[PDB]
Amino acid sequence: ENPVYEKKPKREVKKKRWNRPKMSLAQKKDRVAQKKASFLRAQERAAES
RNA sequence: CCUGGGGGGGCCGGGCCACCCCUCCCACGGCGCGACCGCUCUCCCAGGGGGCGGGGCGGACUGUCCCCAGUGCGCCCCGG
Ligand SMILES: [Mg+2]
C-alpha cells in the first residue's frame, strides 16, 4: 500500500576534527632533529655520571 | 648666345612635401614615482642563530624523556 520511501531530514550539525591529521614535512623533520639531538645527551650524562 | 639655322633661359598660377623657428596621438627603448592580482625571500633583532616576522582567537602534535624545550595547521590586523 505504501511502497514509496520518504526523504530523510537533511539537517546536519557542525563537524569536528575527530581523526588525527598527517604531520607536515617540517614537523616530521623537527621530530627527527629532536630525536637526534636528545639521544647524545643521554649517553653524555651516563658517561659523566 | 653662336654660326636663315643651331644651342640655352622665364611663362602656369595655385596645391603637397621639404632646407631654418613652437604643439596633439599611436607602436617601439630605458629610468624614476602610485594604484590592482598571485606567491613569497636577504634587510630586523637579543658574525652565529631566530626565517619571511609581531599579536590575538582555538585546536593538534613532538622528545631512549634537560617538565622544560620545539615545529605545523584554521581565521583576523600589521611589517617586507
Ligand atoms: Mg611606453
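Residues numbered from 1 in each chain as written, not as in the entry; some residues may be left out. Chains lettered and ligands numbered in written order. Part of a larger assembly, values for the part shown. Heavy atoms only, no water.

Its PDB header names cryo-EM as the technique used to obtain the model and reports a resolution of 3.1 Å.

This next bit is on the overall build of chain A. Within chain A, the secondary structure is distributed over one helix and zero strands. Along the first, second and third principal axes, the C-alpha atoms of chain A reach 85 × 20 × 20 Å. When each of the 49 residues of chain A is scored for burial, the buried share is 0%. If you sum the accessible surface of chain A, you get close to 6,100 Å²; carbon and sulfur atoms cover 56% of it. (Helix = DSSP H or I, 4+ residues; strand = E, 2+ residues; numbered from the N terminus. Buried < 20%, exposed > 50% of the residue type's maximum accessible area, 1.4 Å probe, protein only. Areas by Shrake-Rupley, 256 points an atom, 1.4 Å probe, with all protein chains shown as cover.)

So, on to the pattern of salt bridges. Taken as a whole and judged by the stated rule, the model has one salt bridge. The residue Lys10 makes a salt bridge to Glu12 at a minimum N-O spacing of 3.8 Å. Both residues of the pair, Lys10 and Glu12, belong to the exposed class. (Salt bridge = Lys/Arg side-chain N within 4 Å of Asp/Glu carboxyl O.)

This paragraph deals with the protein's contact with RNA strand B. Taken together, 13 residues lie around RNA strand B, and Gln27, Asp30, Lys35, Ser38 and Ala42 are the ones closest in. For RNA strand B, the backbone portion of the atoms within 4 Å of the protein, that is sugar and phosphate, comes to 84%. In the environment of RNA strand B, a sugar or linking oxygen lies 3.1 Å from a nitrogen or oxygen atom belonging to the side chain of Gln27. At 2.8 Å from a phosphate oxygen of RNA strand B is found a main-chain nitrogen or oxygen belonging to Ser38. Here the surface near RNA strand B is built from residues that sort into four nonpolar, four polar and five charged. (Near = heavy atom within 4 Å. Polar contact = N/O pair within 3.5 Å; in protein donor to acceptor, adjacent residues only side chain to side chain. Nonpolar A, V, L, I, M, F, W, Y, C, P; charged D, E, K, R; others polar.)

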